[PDB]
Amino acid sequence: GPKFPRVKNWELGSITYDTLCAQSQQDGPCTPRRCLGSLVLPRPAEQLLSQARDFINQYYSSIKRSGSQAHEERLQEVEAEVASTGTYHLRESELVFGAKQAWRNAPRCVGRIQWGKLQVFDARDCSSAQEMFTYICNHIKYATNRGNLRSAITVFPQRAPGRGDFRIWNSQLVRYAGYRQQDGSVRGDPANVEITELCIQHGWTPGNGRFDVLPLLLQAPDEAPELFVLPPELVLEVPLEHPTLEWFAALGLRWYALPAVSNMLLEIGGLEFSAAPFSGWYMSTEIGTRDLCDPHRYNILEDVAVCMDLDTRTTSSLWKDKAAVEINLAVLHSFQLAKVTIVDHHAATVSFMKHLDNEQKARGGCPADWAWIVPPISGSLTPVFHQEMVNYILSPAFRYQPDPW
């Protein structure tokens, strides 16, 4: 009967309708002719104002003051600001709300049961690259909390008309260098070849390891980016070992504790925050499956399977599956032993199912990208595999933005 997407869980036979998708003001890549849902990158005053009015309504709804004189006065204040300057500015509590709502709105994130618990650092007074460094360092210390990780975001000044952006050039606050070798191969993380190359061009003295922590390249408006080395005591790392396979420790593998995205745009009511790094804690499959096993990343699957003495000559020995499970167990075990927050793909997906149910009650649906929510190993072993999902763009949002170079 309902004129909204029916959504089914094929494990439990249960049914919901997504009414929240009606709140979407922005088109994705799909059409009735063809589905483009698996694509990683989907291809003035009037416009800003309507987006602003909409965000302010969302704000006043959330504090249950919708229709009030405080609501109408804020609306009038927002338009009067746009009337004289072309832009406007958020109140502190509006920014806190917008930031949380952007995380809550992110279809690709499985960790959203935590959305209401986000420390928002307001860094809109920041006026130099040096100050950005200070702010970022404070973020890392706060977020890392000696292993007891805490979600946080730091928000730098918003994009301004005819004035350069605040930009963090790194895609993450903590990433390993990738050194292009004389024989075409790569030492370190092949994902990070360009940023490593760019850091060196900008005066970094590079190391020669597989796990060299990259420095930050930070850009303040209309200035060239400046280079900043993170003090090693600030960057918590976990040496990797396996609970039963004694040789795994001898591989000298390690990963950083803090996953912190530094290259996304945070959009709130039309306003664009080009520098706004955020951090959580890892799901173990991100490190153990993607980072360590992708053929275009550290690519350690064969090495590990050779040590495990598997038949790597034939696919049907399932050497890849076996090695990947051990690497994942080793990631989980090492983080546990070191007392660094981590969550396995089972607990995370179970917690995402709970989140789905909370959002069904609270908002009548939850935008979710199936291909990204299902983990890269043991897919159908998790409850999210059997759960249908509707994907749409709500604002506030994190958006991908082109590399600044």
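Numbering starts at 1 and runs along the sequence shown.
Engineer: Please compare 232-240 with 282-290 and name the stretch with the higher mean C-alpha B-factor in the deposited structure.
Structural biologist: Stretch with the greater average CA B-factor: 232-240.
Engineer: Look over 82-90 and 121-129 in the entry and identify the one with the greater average Cα temperature factor.
Structural biologist: Per the deposited B-factors, the answer is 82-90.
Engineer: Which one of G98, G111, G209, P277 shows the top CA temperature factor in the record?
Structural biologist: The listed residue with the largest C-alpha B-factor is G209.
Engineer: When the CA B-factors of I268, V261, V155, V186 are compared as recorded in the entry, which is the largest?
Structural biologist: The listed residue with the largest C-alpha B-factor is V186.
Engineer: Comparing against every modelled residue in the chain, figure out the third that the C-alpha B-factor of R175 lands in (lowest, middle or highest).
Structural biologist: It belongs to the middle third of the chain when residues are ordered by C-alpha B-factor.
Engineer: Mind checking which third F352 falls in for C-alpha B-factor across the chain?
Structural biologist: Ranked within chain, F352 CA B lands in the lowest tercile.
Engineer: Is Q23 in the lowest, middle or highest third of its chain when residues are ranked by C-alpha B-factor?
Structural biologist: Answer is highest: the recorded C-alpha B-factor places it there.
Engineer: C-alpha B factor of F55, ranked within the chain: lowest, middle or highest third?
Structural biologist: Its C-alpha B-factor belongs to the middle third of this chain's values.
Engineer: By the recorded C-alpha temperature factor, relative to the other modelled residues in its chain, which third is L49 in?
Structural biologist: Answer is highest: the recorded C-alpha B-factor places it there.
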